[PDB]
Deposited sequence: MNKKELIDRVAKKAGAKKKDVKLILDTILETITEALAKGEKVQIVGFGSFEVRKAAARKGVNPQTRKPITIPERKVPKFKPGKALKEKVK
């Protein structure tokens, strides 16, 4: 799946306009990038953590769902 398909799937599931999903997705990605640029960690419970080269550490729950 690419970014466009991700936006369409999320807009359908949440009952949201694609333009609002794109704004919020882009703002999420910009916020995570800015945090990593300052050396901060972005820890999302039930998914994983982004830290700094950028690295992603999957959470227990994600690993179990993908296992």
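> Missing C-alpha stretches, by deposited numbering?
Replying inline: No coordinates exist for the deposited residues in 53-75, so this stretch alone is absent from the model.
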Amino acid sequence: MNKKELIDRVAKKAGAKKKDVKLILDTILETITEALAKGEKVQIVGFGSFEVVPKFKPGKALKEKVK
From here on, numbers count along this sequence of modelled residues.
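> Would 40-48 or 53-61 have the larger average of its C-alpha temperature factors, as given in the entry?
Replying inline: Looking at the recorded C-alpha B-factors, 53-61 comes out higher on average.
>> Lowest, middle or highest third: which one holds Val66 when the chain's residues are ordered by CA B-factor from the entry?
In response: Its C-alpha B-factor, which the entry lists for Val66, ranks in the highest third among residues of this chain.
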